[PDB]
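Source file: model29.txt; contents: compact mmCIF, C-alpha atoms.
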```txt
# COMPACT_ATOMS: atom_id res chain seq x y z
CA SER A 1 69.10 124.07 69.28
CA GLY A 2 68.30 126.76 71.84
CA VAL A 3 68.59 130.52 71.47
CA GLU A 4 71.37 132.49 73.13
CA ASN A 5 70.30 135.79 74.70
CA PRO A 6 72.77 138.54 73.72
CA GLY A 7 75.29 138.97 76.52
CA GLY A 8 75.06 142.75 76.71
CA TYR A 9 71.29 142.84 76.36
CA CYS A 10 69.77 141.98 79.74
CA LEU A 11 66.33 143.13 80.90
CA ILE B 1 49.89 137.15 92.49
CA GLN B 2 49.49 133.44 93.06
CA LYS B 3 47.72 130.72 91.11
CA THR B 4 46.10 127.86 92.98
CA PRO B 5 47.05 124.43 91.62
CA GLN B 6 44.57 122.23 89.80
CA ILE B 7 44.84 118.57 90.73
CA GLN B 8 43.89 115.34 88.98
CA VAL B 9 44.42 111.94 90.57
CA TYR B 10 43.97 108.95 88.26
CA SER B 11 45.42 105.59 87.17
CA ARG B 12 47.47 104.97 84.06
CA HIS B 13 45.40 101.89 83.08
CA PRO B 14 41.73 101.23 83.74
CA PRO B 15 41.58 99.84 87.35
CA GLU B 16 40.88 96.22 88.37
CA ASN B 17 41.03 95.37 92.07
CA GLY B 18 44.02 93.17 92.77
CA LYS B 19 45.94 94.14 89.66
CA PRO B 20 49.15 96.30 89.69
CA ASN B 21 48.77 99.72 88.05
CA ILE B 22 50.27 103.23 88.22
CA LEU B 23 48.67 106.09 90.16
CA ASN B 24 49.10 109.59 88.77
CA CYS B 25 48.82 112.98 90.45
CA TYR B 26 48.92 115.68 87.77
CA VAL B 27 49.30 119.15 89.30
CA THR B 28 48.96 122.15 86.98
CA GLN B 29 48.09 125.83 86.81
CA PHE B 30 50.21 126.97 89.75
CA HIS B 31 52.64 129.76 90.70
CA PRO B 32 55.20 130.02 92.25
CA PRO B 33 56.88 126.85 90.98
CA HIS B 34 57.92 125.63 94.43
CA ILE B 35 55.42 122.97 95.49
CA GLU B 36 55.42 119.87 97.70
CA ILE B 37 53.46 116.79 96.68
CA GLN B 38 52.71 113.57 98.60
CA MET B 39 50.82 110.49 97.43
CA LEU B 40 49.02 108.52 100.13
CA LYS B 41 47.62 105.02 100.70
CA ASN B 42 45.13 105.07 103.60
CA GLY B 43 46.54 108.39 104.82
CA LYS B 44 50.12 107.03 104.86
CA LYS B 45 52.75 108.53 102.57
CA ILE B 46 53.71 106.10 99.79
CA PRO B 47 57.49 105.32 99.73
CA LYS B 48 58.64 105.59 96.12
CA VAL B 49 56.74 108.42 94.50
CA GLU B 50 58.57 109.31 91.30
CA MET B 51 58.32 112.95 90.34
CA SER B 52 58.50 114.02 86.74
CA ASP B 53 60.66 117.04 86.03
CA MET B 54 59.00 120.48 86.27
CA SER B 55 57.62 122.31 83.24
CA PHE B 56 55.36 125.21 82.39
CA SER B 57 52.68 125.89 79.82
CA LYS B 58 52.08 128.73 77.37
CA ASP B 59 50.19 130.76 79.94
CA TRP B 60 53.36 130.61 82.13
CA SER B 61 51.71 128.46 84.83
CA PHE B 62 53.68 125.50 86.13
CA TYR B 63 52.89 121.78 86.06
CA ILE B 64 54.36 118.52 87.21
CA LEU B 65 53.42 114.85 87.40
CA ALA B 66 53.87 112.61 90.42
CA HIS B 67 53.24 108.90 90.06
CA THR B 68 53.73 105.61 91.83
CA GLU B 69 52.97 101.94 91.68
CA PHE B 70 49.87 100.81 93.51
CA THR B 71 47.41 97.96 93.51
CA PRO B 72 43.85 99.19 93.71
CA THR B 73 41.50 97.29 96.01
CA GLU B 74 37.96 97.48 97.29
CA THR B 75 38.78 99.14 100.59
CA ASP B 76 42.20 100.88 100.42
CA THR B 77 42.05 104.61 99.74
CA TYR B 78 44.50 106.68 97.70
CA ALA B 79 45.07 110.40 97.58
CA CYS B 80 47.46 113.14 96.60
CA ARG B 81 48.29 115.91 99.08
CA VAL B 82 49.58 119.19 97.67
CA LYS B 83 51.19 121.94 99.76
CA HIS B 84 51.57 125.30 97.99
CA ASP B 85 51.86 129.00 99.00
CA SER B 86 48.58 129.76 97.22
CA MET B 87 46.61 127.79 99.85
CA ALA B 88 46.32 128.36 103.59
CA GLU B 89 46.47 124.62 104.15
CA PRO B 90 47.55 121.43 102.31
CA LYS B 91 44.99 120.22 99.73
CA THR B 92 44.11 116.53 99.62
CA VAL B 93 42.39 115.02 96.58
CA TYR B 94 41.14 111.42 96.70
CA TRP B 95 41.50 108.95 93.92
CA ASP B 96 38.13 108.24 92.36
CA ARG B 97 38.15 105.33 89.94
CA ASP B 98 35.16 106.85 88.17
CA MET B 99 37.25 109.89 87.18
CA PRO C 2 52.11 122.23 60.96
CA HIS C 3 55.18 121.85 63.17
CA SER C 4 57.03 123.71 65.85
CA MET C 5 59.97 124.00 68.18
CA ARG C 6 60.06 125.82 71.52
CA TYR C 7 62.54 126.27 74.34
CA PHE C 8 60.94 127.08 77.70
CA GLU C 9 63.39 128.47 80.25
CA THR C 10 62.99 129.27 83.92
CA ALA C 11 65.40 130.91 86.36
CA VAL C 12 64.37 131.09 90.01
CA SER C 13 66.06 133.33 92.61
CA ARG C 14 66.87 131.54 95.84
CA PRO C 15 66.91 133.43 99.14
CA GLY C 16 70.41 133.05 100.55
CA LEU C 17 72.02 132.01 97.29
CA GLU C 18 73.71 133.88 94.41
CA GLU C 19 73.14 131.58 91.42
CA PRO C 20 69.48 131.04 90.53
CA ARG C 21 67.97 127.63 89.74
CA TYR C 22 67.92 127.50 85.90
CA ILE C 23 65.90 125.00 83.87
CA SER C 24 65.54 124.78 80.09
CA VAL C 25 63.35 122.32 78.20
CA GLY C 26 63.15 122.01 74.46
CA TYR C 27 60.08 120.80 72.57
CA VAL C 28 59.36 119.69 69.02
CA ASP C 29 55.66 119.50 68.18
CA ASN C 30 54.96 119.89 71.92
CA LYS C 31 57.03 116.83 72.84
CA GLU C 32 59.94 117.25 75.26
CA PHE C 33 63.20 116.32 73.53
CA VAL C 34 65.99 117.94 75.52
CA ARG C 35 66.46 119.25 79.03
CA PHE C 36 68.99 121.16 81.17
CA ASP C 37 68.82 121.67 84.98
CA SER C 38 71.46 123.58 86.95
CA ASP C 39 70.57 121.64 90.10
CA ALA C 40 71.89 118.42 88.59
CA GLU C 41 75.18 117.02 89.86
CA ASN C 42 76.88 117.77 86.56
CA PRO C 43 74.78 120.45 84.76
CA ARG C 44 74.46 119.25 81.17
CA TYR C 45 71.85 119.21 78.39
CA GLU C 46 70.32 115.72 78.24
CA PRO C 47 68.39 113.83 75.55
CA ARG C 48 64.71 113.24 76.35
CA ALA C 49 63.60 111.59 73.09
CA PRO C 50 65.16 108.41 71.66
CA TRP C 51 65.92 110.12 68.37
CA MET C 52 68.32 112.59 70.03
CA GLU C 53 70.84 109.85 70.76
CA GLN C 54 71.85 110.47 67.14
CA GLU C 55 73.61 113.72 68.08
CA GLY C 56 77.33 113.58 68.66
CA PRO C 57 79.19 114.76 71.80
CA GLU C 58 79.80 118.07 70.02
CA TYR C 59 76.09 118.88 69.99
CA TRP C 60 75.72 118.41 73.71
CA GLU C 61 78.89 120.36 74.41
CA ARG C 62 77.71 123.41 72.46
CA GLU C 63 74.20 123.30 73.97
CA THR C 64 75.52 122.96 77.49
CA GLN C 65 77.74 126.02 76.98
CA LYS C 66 74.76 128.06 75.80
CA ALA C 67 72.94 127.07 78.96
CA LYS C 68 75.82 128.33 81.10
CA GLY C 69 75.47 131.61 79.23
CA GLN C 70 71.72 131.78 79.70
CA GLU C 71 72.18 131.19 83.43
CA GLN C 72 74.27 134.34 83.76
CA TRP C 73 71.95 136.40 81.55
CA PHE C 74 68.96 135.36 83.67
CA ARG C 75 70.95 136.02 86.84
CA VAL C 76 71.82 139.58 85.87
CA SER C 77 68.30 140.20 84.56
CA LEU C 78 66.65 138.93 87.74
CA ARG C 79 68.82 141.41 89.66
CA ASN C 80 67.73 144.29 87.41
CA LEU C 81 64.01 143.59 87.72
CA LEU C 82 64.36 143.63 91.50
CA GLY C 83 65.32 147.32 91.22
CA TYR C 84 62.73 148.18 88.56
CA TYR C 85 60.01 146.98 90.93
CA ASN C 86 61.64 148.13 94.14
CA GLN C 87 61.43 144.65 95.69
CA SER C 88 63.05 143.78 99.01
CA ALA C 89 66.19 141.64 99.00
CA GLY C 90 65.77 138.06 100.17
CA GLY C 91 62.61 136.51 98.75
CA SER C 92 62.31 134.32 95.67
CA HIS C 93 61.41 135.56 92.18
CA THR C 94 60.91 133.98 88.78
CA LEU C 95 61.94 134.85 85.25
CA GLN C 96 60.73 132.76 82.29
CA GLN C 97 61.27 132.82 78.55
CA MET C 98 59.64 131.00 75.61
CA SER C 99 61.35 131.14 72.21
CA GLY C 100 60.86 129.21 69.00
CA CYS C 101 59.33 128.88 65.58
CA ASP C 102 56.23 127.45 63.88
CA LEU C 103 56.31 125.93 60.40
CA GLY C 104 53.20 125.87 58.23
CA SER C 105 51.75 123.14 55.98
CA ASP C 106 54.22 124.34 53.36
CA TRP C 107 56.85 123.47 55.98
CA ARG C 108 58.11 127.02 55.50
CA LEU C 109 58.52 129.54 58.33
CA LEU C 110 55.19 130.78 59.61
CA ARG C 111 56.18 132.60 62.77
CA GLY C 112 58.85 133.16 65.43
CA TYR C 113 58.26 133.72 69.18
CA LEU C 114 60.26 135.39 71.94
CA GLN C 115 58.45 136.13 75.23
CA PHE C 116 59.60 136.85 78.78
CA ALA C 117 57.55 136.71 81.99
CA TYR C 118 58.40 137.93 85.48
CA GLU C 119 56.65 136.45 88.52
CA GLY C 120 54.56 134.35 86.12
CA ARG C 121 53.26 137.43 84.28
CA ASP C 122 53.89 138.91 80.81
CA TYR C 123 56.91 141.22 80.86
CA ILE C 124 58.10 141.86 77.33
CA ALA C 125 57.51 140.13 74.00
CA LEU C 126 58.84 140.37 70.47
CA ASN C 127 56.07 141.17 67.96
CA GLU C 128 55.37 138.94 64.96
CA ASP C 129 57.43 141.29 62.79
CA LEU C 130 60.45 140.35 64.87
CA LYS C 131 61.51 144.03 64.99
CA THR C 132 59.37 145.71 67.63
CA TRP C 133 58.77 144.91 71.31
CA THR C 134 55.59 144.86 73.36
CA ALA C 135 56.04 145.85 77.00
CA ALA C 136 53.24 144.75 79.35
CA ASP C 137 53.84 147.33 82.08
CA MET C 138 55.88 150.40 83.12
CA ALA C 139 58.98 148.49 84.20
CA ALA C 140 58.99 146.64 80.88
CA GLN C 141 58.91 149.95 78.97
CA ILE C 142 62.35 150.62 80.47
CA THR C 143 63.67 147.38 78.98
CA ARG C 144 61.92 148.07 75.65
CA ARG C 145 63.45 151.54 75.35
CA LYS C 146 66.89 150.14 76.14
CA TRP C 147 66.54 147.30 73.61
CA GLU C 148 65.23 149.53 70.81
CA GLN C 149 68.65 151.23 70.92
CA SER C 150 70.68 148.03 70.84
CA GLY C 151 68.98 146.23 67.99
CA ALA C 152 68.48 143.32 70.37
CA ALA C 153 65.59 142.24 68.16
CA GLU C 154 67.81 141.68 65.12
CA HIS C 155 69.78 139.09 67.07
CA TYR C 156 66.66 137.12 67.99
CA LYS C 157 65.19 137.61 64.51
CA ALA C 158 68.26 135.91 62.99
CA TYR C 159 67.94 132.90 65.34
CA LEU C 160 64.21 132.53 64.74
CA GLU C 161 64.42 132.66 60.94
CA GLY C 162 67.68 130.72 60.62
CA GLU C 163 68.95 128.39 63.33
CA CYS C 164 65.47 127.61 64.73
CA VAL C 165 64.27 126.72 61.24
CA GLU C 166 67.40 124.71 60.44
CA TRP C 167 67.25 122.50 63.51
CA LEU C 168 63.51 122.00 63.50
CA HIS C 169 63.87 120.50 60.02
CA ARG C 170 66.73 118.33 61.22
CA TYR C 171 64.88 117.05 64.28
CA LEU C 172 61.78 116.41 62.14
CA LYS C 173 63.94 114.42 59.77
CA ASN C 174 65.69 112.58 62.60
CA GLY C 175 62.66 111.82 64.81
CA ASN C 176 60.21 111.42 61.92
CA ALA C 177 59.08 107.84 62.66
CA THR C 178 58.37 108.91 66.22
CA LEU C 179 56.99 112.46 65.96
CA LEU C 180 54.72 111.68 63.01
CA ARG C 181 53.19 108.48 64.53
CA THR C 182 49.80 108.27 66.21
CA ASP C 183 48.31 106.03 68.85
CA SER C 184 44.59 106.13 68.30
CA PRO C 185 42.40 106.16 71.40
CA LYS C 186 40.97 103.16 73.20
CA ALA C 187 37.51 104.26 74.27
CA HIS C 188 34.57 103.05 76.32
CA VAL C 189 31.53 104.36 78.22
CA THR C 190 30.92 103.99 81.94
CA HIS C 191 27.65 104.40 83.81
CA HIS C 192 27.31 106.01 87.22
CA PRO C 193 24.63 107.00 89.73
CA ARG C 194 24.29 110.81 90.10
CA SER C 195 21.04 111.55 91.93
CA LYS C 196 17.28 110.89 92.13
CA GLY C 197 16.36 109.45 88.73
CA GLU C 198 19.53 110.70 87.09
CA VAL C 199 22.78 109.03 86.10
CA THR C 200 26.07 109.99 84.58
CA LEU C 201 27.47 108.62 81.35
CA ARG C 202 31.21 109.10 81.02
CA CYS C 203 32.93 108.60 77.67
CA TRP C 204 36.62 107.70 78.08
CA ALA C 205 39.44 108.02 75.58
CA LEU C 206 42.75 106.50 76.66
CA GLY C 207 46.32 105.92 75.55
CA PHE C 208 46.15 108.24 72.58
CA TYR C 209 48.84 110.35 70.89
CA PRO C 210 49.26 113.16 70.04
CA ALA C 211 47.25 114.99 72.74
CA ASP C 212 44.80 116.71 70.40
CA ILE C 213 41.37 115.17 70.47
CA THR C 214 37.65 115.89 70.40
CA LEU C 215 34.88 114.13 72.34
CA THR C 216 31.20 114.94 71.96
CA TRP C 217 27.83 113.74 73.23
CA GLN C 218 24.63 113.65 71.23
CA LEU C 219 20.94 113.48 72.09
CA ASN C 220 18.60 113.07 69.12
CA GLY C 221 21.28 114.02 66.62
CA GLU C 222 22.20 117.25 68.40
CA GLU C 223 25.49 118.28 70.06
CA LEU C 224 25.61 118.70 73.85
CA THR C 225 28.25 121.43 74.37
CA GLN C 226 26.53 122.86 77.43
CA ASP C 227 25.50 120.07 79.82
CA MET C 228 28.71 118.24 79.00
CA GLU C 229 31.58 118.06 81.48
CA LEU C 230 34.98 117.70 79.81
CA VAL C 231 38.08 117.02 81.93
CA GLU C 232 41.39 118.54 81.05
CA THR C 233 43.60 116.29 78.88
CA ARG C 234 46.09 114.53 81.14
CA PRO C 235 49.25 112.41 80.65
CA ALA C 236 49.04 108.66 81.25
CA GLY C 237 52.74 108.86 82.11
CA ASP C 238 53.91 106.63 79.29
CA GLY C 239 53.87 109.18 76.52
CA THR C 240 50.16 108.82 75.76
CA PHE C 241 47.19 110.87 76.96
CA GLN C 242 43.71 110.47 78.49
CA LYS C 243 40.47 112.45 78.45
CA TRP C 244 36.80 111.87 79.19
CA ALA C 245 33.54 113.71 78.76
CA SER C 246 30.39 113.07 80.75
CA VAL C 247 26.74 114.15 80.72
CA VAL C 248 23.98 113.65 83.29
CA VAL C 249 20.98 111.77 81.92
CA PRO C 250 17.52 110.64 83.01
CA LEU C 251 17.57 107.08 84.30
CA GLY C 252 15.92 104.96 81.62
CA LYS C 253 17.17 106.97 78.66
CA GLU C 254 20.86 106.13 78.61
CA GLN C 255 20.38 104.50 75.20
CA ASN C 256 19.30 107.76 73.60
CA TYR C 257 22.82 109.17 73.99
CA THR C 258 25.91 108.58 71.87
CA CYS C 259 29.56 109.61 72.24
CA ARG C 260 31.78 110.45 69.29
CA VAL C 261 35.57 110.41 69.41
CA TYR C 262 37.72 112.31 66.87
CA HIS C 263 41.47 111.83 66.60
CA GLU C 264 44.25 112.00 63.98
CA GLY C 265 44.79 108.25 64.37
CA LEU C 266 41.16 107.64 63.52
CA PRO C 267 40.34 107.82 59.81
CA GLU C 268 36.69 107.61 60.88
CA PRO C 269 35.37 108.85 64.27
CA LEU C 270 34.18 106.35 66.85
CA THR C 271 30.56 106.14 67.96
CA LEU C 272 29.84 104.70 71.39
CA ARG C 273 26.79 104.12 73.59
CA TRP C 274 26.26 102.91 77.13
CA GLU C 275 26.09 99.12 77.08
CA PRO C 276 24.36 97.37 80.01
```
For this file, write the structure as structure tokens.
Amino acid sequence: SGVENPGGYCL
Amino acid sequence: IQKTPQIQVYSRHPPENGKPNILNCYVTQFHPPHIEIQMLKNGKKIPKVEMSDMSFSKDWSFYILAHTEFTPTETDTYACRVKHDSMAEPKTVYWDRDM
Amino acid sequence: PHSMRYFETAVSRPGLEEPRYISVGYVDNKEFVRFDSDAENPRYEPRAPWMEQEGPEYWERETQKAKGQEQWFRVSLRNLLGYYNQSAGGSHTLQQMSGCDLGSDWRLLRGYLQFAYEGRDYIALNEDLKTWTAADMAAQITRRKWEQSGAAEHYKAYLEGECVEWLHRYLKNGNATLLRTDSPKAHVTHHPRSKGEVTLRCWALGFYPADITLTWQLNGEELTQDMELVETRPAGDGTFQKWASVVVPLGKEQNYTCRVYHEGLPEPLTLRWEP
């Protein structure tokens, strides 16, 4: 089950 | 910064002239991921080269595996030609049954 | 030990808005799932027989996450372009590796979360899963921004919970496959090299997993230097291949022996050149 990068936390 | 691909050309099973086998062209250690690979029989592109899906290793460099059916013989030659932005010209590596 | 990793790549295409996004999942270094935005109908697909056990719900959820990752990578790719003052057009790459390692006690041993831009380290989550390590100036910008948002807590929770939960499930589900071995089929070939010298090549084929050790010995001593070892390579059928060769004086081939060590071998093999 893959991780989900926080929507409001881009590089 | 670009990484030049490493290339191995080899058969799935130990080779016996006249017997069907699978020829592999394992390309690794490159960047960018865009790459063009051809597998050749006597300098002629082989028709159904299957291409594995692309992947990358822990050091971020990309790899892929091309392969196709072939019947090794005494006189036919086989090679893998790789075109990549890291090289000024396409690289051709010959199949060597001793490797 | 055991592990699970998801390797993701997003590639910017000149003349196109949506990047090419590819995600591959691994359990003990074996590919088990895959998603590719270039497919006709972008969907997570099973890549190991034991994943056919998952219901349609599993695939639905995973596929949705991918759609989310695509947008996150898209926006991030855009940001980095500014951070580095790169011209529009051109193609750029963003990669991510996330996952967890379990120890012999099958308990959590470590979580990983690393990003790379243009094939180079950008920012990584430290083993404490609280602090970030930025590789360059541009990355310091991202680090400073994330320290404020508690971005790390989010990832920490996935790496200690969900990652652990599913790795155990996959290990339980694909047990008979993941835990199996295919011991190597080995032999020694003999080849001309030069004036009075020949090469002995010790082959190991069709083995699994990939880990293996090959050695050469002359008079009971190891030949680390003087030994050429190819890089382990896939046979294409799930198994691997490797060989190690040494150059030897013609007429002394018999004084050399090759040893092969592998998990599927309770006792290492011992081979010699056989005319």
Practice prompt. Please determine the contact residues of chain B with respect to chain C at a cut-off of 7 Å, counting all atoms listed in the file, and supply them as a ChimeraX atom specification.
Written response: /B:12,31,60-61
Emit the selected residues as a CSV table (one decimal), in the frame of the given file, including C-alpha atoms.
```csv
chain,number,residue,atom,x,y,z
B,12,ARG,CA,47.5,105.0,84.1
B,31,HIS,CA,52.6,129.8,90.7
B,60,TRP,CA,53.4,130.6,82.1
B,61,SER,CA,51.7,128.5,84.8
```
Practice prompt. Mind giving me the straight-line distance from atom CA of residue 8 of chain A to atom CA of residue 159 of chain C in Å, one decimal?
Written response: 16.6 Å
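We find atom CA of residue 247 of chain C and atom CA of residue 226 of chain C to be spaced 9.3 Å apart.
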Using 9 Å as the limit and counting all atoms listed in the file, can you tabulate each residue of chain C that touches chain A, with its shortest atom-to-atom distance in Å and the two atoms involved, as a tab-separated table?
```
residue	atom	partner	partner_atom	distance
C:6	CA	A:2	CA	8.3
C:7	CA	A:2	CA	6.3
C:24	CA	A:2	CA	8.9
C:26	CA	A:2	CA	7.5
C:59	CA	A:1	CA	8.7
C:63	CA	A:1	CA	7.0
C:66	CA	A:4	CA	6.2
C:67	CA	A:4	CA	8.1
C:69	CA	A:4	CA	7.4
C:70	CA	A:5	CA	6.6
C:72	CA	A:7	CA	8.7
C:73	CA	A:10	CA	6.3
C:74	CA	A:10	CA	7.7
C:76	CA	A:10	CA	6.9
C:77	CA	A:11	CA	5.1
C:78	CA	A:11	CA	8.0
C:80	CA	A:11	CA	6.8
C:81	CA	A:11	CA	7.2
C:99	CA	A:3	CA	7.3
C:100	CA	A:3	CA	8.2
C:140	CA	A:11	CA	8.1
C:142	CA	A:11	CA	8.5
C:143	CA	A:11	CA	5.4
C:144	CA	A:11	CA	8.5
C:146	CA	A:11	CA	8.5
C:147	CA	A:9	CA	7.1
C:150	CA	A:9	CA	7.6
C:152	CA	A:9	CA	6.6
C:155	CA	A:6	CA	7.3
C:156	CA	A:3	CA	7.7
C:159	CA	A:3	CA	6.6
C:160	CA	A:3	CA	8.3
C:163	CA	A:1	CA	7.4
C:164	CA	A:1	CA	6.8
C:167	CA	A:1	CA	6.3
C:168	CA	A:1	CA	8.3
```
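Between atom CA of residue 41 of chain B and atom CA of residue 98 of chain B the separation is 17.8 Å.
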Discussion item. As a VMD selection string, please: the residues near residue 48 of chain B (cut-off 10 Å, only C-alpha atoms, same-chain neighbours under 5 positions excluded).
Written reply: chain B and resid 39 67 to 69
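Here the question is which of B:46, B:32, B:73, B:90 gets nearest to residue 13 of chain C using all atoms listed in the file, and that residue is B:32.
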Worksheet item: In file coordinates, which residues lie within 12 Å of (38.1, 100.9, 96.8) using all atoms listed in the file, given as number ranges by chain?
Response: B: 15-18, 41-42, 71-79, 94-98
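Within 8 Å of residue 215 of chain C, once only C-alpha atoms are used and residues closer than 6 positions along the same chain are dropped, the contacting residues are residues 203, 244, 245, 259, 260, 261 and 262 of chain C.
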Item to complete: Anything within 7 Å of (55.2, 132.9, 64.4): list those residues as a list in words, counting only C-alpha atoms and sticking to the file's coordinates.
Response: residues 101, 102, 110, 111, 112, 113 and 128 of chain C
Worksheet item: If you count only C-alpha atoms, which residues fall within 7 Å of residue 125 of chain C, apart from same-chain ones fewer than 2 positions away, as a ChimeraX atom specification?
Response: /C:114-116,123,127,133-135
How would segment 26-41 of chain B read, as a PDB file, in the coordinates of the input, once N, CA, C and O atoms are built in?
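Saved as rebuild34.pdb:
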```pdb
ATOM      1  N   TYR B  26      48.566 114.636  88.713  1.00  0.00           N
ATOM      2  CA  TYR B  26      48.920 115.680  87.770  1.00  0.00           C
ATOM      3  C   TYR B  26      48.502 117.009  88.363  1.00  0.00           C
ATOM      4  O   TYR B  26      47.305 117.261  88.552  1.00  0.00           O
ATOM      5  N   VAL B  27      49.496 117.834  88.681  1.00  0.00           N
ATOM      6  CA  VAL B  27      49.300 119.150  89.300  1.00  0.00           C
ATOM      7  C   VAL B  27      49.681 120.209  88.279  1.00  0.00           C
ATOM      8  O   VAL B  27      50.814 120.229  87.806  1.00  0.00           O
ATOM      9  N   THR B  28      48.752 121.108  87.977  1.00  0.00           N
ATOM     10  CA  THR B  28      48.960 122.150  86.980  1.00  0.00           C
ATOM     11  C   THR B  28      48.448 123.510  87.436  1.00  0.00           C
ATOM     12  O   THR B  28      47.895 123.649  88.525  1.00  0.00           O
ATOM     13  N   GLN B  29      48.657 124.512  86.584  1.00  0.00           N
ATOM     14  CA  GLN B  29      48.090 125.830  86.810  1.00  0.00           C
ATOM     15  C   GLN B  29      48.574 126.562  88.059  1.00  0.00           C
ATOM     16  O   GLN B  29      47.845 127.387  88.595  1.00  0.00           O
ATOM     17  N   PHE B  30      49.776 126.282  88.536  1.00  0.00           N
ATOM     18  CA  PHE B  30      50.210 126.970  89.750  1.00  0.00           C
ATOM     19  C   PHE B  30      51.392 127.929  89.605  1.00  0.00           C
ATOM     20  O   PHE B  30      52.116 127.895  88.622  1.00  0.00           O
ATOM     21  N   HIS B  31      51.540 128.792  90.607  1.00  0.00           N
ATOM     22  CA  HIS B  31      52.640 129.760  90.700  1.00  0.00           C
ATOM     23  C   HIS B  31      52.671 130.273  92.131  1.00  0.00           C
ATOM     24  O   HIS B  31      51.630 130.587  92.702  1.00  0.00           O
ATOM     25  N   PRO B  32      53.860 130.357  92.743  1.00  0.00           N
ATOM     26  CA  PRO B  32      55.200 130.020  92.250  1.00  0.00           C
ATOM     27  C   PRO B  32      55.399 128.553  91.924  1.00  0.00           C
ATOM     28  O   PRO B  32      54.540 127.701  92.194  1.00  0.00           O
ATOM     29  N   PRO B  33      56.563 128.232  91.349  1.00  0.00           N
ATOM     30  CA  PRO B  33      56.880 126.850  90.980  1.00  0.00           C
ATOM     31  C   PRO B  33      57.189 125.943  92.187  1.00  0.00           C
ATOM     32  O   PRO B  33      57.010 124.728  92.121  1.00  0.00           O
ATOM     33  N   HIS B  34      57.658 126.502  93.292  1.00  0.00           N
ATOM     34  CA  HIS B  34      57.920 125.630  94.430  1.00  0.00           C
ATOM     35  C   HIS B  34      56.593 125.014  94.880  1.00  0.00           C
ATOM     36  O   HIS B  34      55.571 125.706  95.029  1.00  0.00           O
ATOM     37  N   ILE B  35      56.605 123.703  95.077  1.00  0.00           N
ATOM     38  CA  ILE B  35      55.420 122.970  95.490  1.00  0.00           C
ATOM     39  C   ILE B  35      55.891 121.674  96.119  1.00  0.00           C
ATOM     40  O   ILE B  35      56.989 121.198  95.809  1.00  0.00           O
ATOM     41  N   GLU B  36      55.077 121.115  97.016  1.00  0.00           N
ATOM     42  CA  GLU B  36      55.420 119.870  97.700  1.00  0.00           C
ATOM     43  C   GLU B  36      54.237 118.935  97.513  1.00  0.00           C
ATOM     44  O   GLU B  36      53.105 119.276  97.863  1.00  0.00           O
ATOM     45  N   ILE B  37      54.505 117.757  96.955  1.00  0.00           N
ATOM     46  CA  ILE B  37      53.460 116.790  96.680  1.00  0.00           C
ATOM     47  C   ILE B  37      53.695 115.425  97.334  1.00  0.00           C
ATOM     48  O   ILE B  37      54.796 114.881  97.267  1.00  0.00           O
ATOM     49  N   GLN B  38      52.651 114.881  97.953  1.00  0.00           N
ATOM     50  CA  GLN B  38      52.710 113.570  98.600  1.00  0.00           C
ATOM     51  C   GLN B  38      51.579 112.707  98.057  1.00  0.00           C
ATOM     52  O   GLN B  38      50.503 113.207  97.741  1.00  0.00           O
ATOM     53  N   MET B  39      51.837 111.418  97.901  1.00  0.00           N
ATOM     54  CA  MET B  39      50.820 110.490  97.430  1.00  0.00           C
ATOM     55  C   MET B  39      50.626 109.532  98.602  1.00  0.00           C
ATOM     56  O   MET B  39      51.596 109.005  99.156  1.00  0.00           O
ATOM     57  N   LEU B  40      49.365 109.320  98.969  1.00  0.00           N
ATOM     58  CA  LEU B  40      49.020 108.520 100.130  1.00  0.00           C
ATOM     59  C   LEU B  40      48.136 107.296  99.920  1.00  0.00           C
ATOM     60  O   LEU B  40      47.222 107.317  99.094  1.00  0.00           O
ATOM     61  N   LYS B  41      48.407 106.252 100.705  1.00  0.00           N
ATOM     62  CA  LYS B  41      47.620 105.020 100.700  1.00  0.00           C
ATOM     63  C   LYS B  41      47.073 104.962 102.118  1.00  0.00           C
ATOM     64  O   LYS B  41      47.843 104.849 103.054  1.00  0.00           O
TER      65      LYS B  41
END
```
